[PDB]
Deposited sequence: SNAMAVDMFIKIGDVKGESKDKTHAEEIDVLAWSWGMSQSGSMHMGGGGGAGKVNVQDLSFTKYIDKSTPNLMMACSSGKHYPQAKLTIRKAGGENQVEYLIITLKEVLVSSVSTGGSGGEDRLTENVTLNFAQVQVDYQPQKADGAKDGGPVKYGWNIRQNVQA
């Protein structure tokens, strides 16, 4: 299973990962986008992209009150970075890195469902800009060329 971490501003989480120490451990995440343009109209049906907030699941931890305060105050962070690393430890390839710029905590949903040794919560992030870098790998796990990159300035509706 892949290892997943998120760094939001200078907020410290409780990750004990060797290279992502004191970031937030990510248990799950989801994100998406859609385009309203249409190919059924012809003549040269232009639309726009809608980019969703990014959702992730974490343990309740020392970041929790800070994220709650960010959500309430509406104060944004300069950057948030979600790192997805291939299973096996800190020498493994960080093959998917999503970087968000101008980051608002749009929701926090917390609780204890019962019978749980570690409580979890869902956080959502709203942001002006997104970068996604994917690192292809060779058969042996080594890097295969440079990363494949996508960058989009949502606020200004142009590529980054």
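- Absence of C-alpha coordinates is noted for several segments of the deposited sequence, namely 1-4, 49.
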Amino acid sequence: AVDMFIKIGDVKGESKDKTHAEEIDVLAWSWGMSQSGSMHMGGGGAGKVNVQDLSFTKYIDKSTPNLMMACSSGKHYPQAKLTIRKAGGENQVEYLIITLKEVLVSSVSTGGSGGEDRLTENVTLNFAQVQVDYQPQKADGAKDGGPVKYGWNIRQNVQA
From here on, numbers count along this sequence of modelled residues.
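- The mean C-alpha temperature factor is higher for 35-43 when 35-43 and 122-130 are set side by side.
- Stretch comparison (51-59 versus 88-96) by mean CA B-factor in the PDB entry places 88-96 on top.
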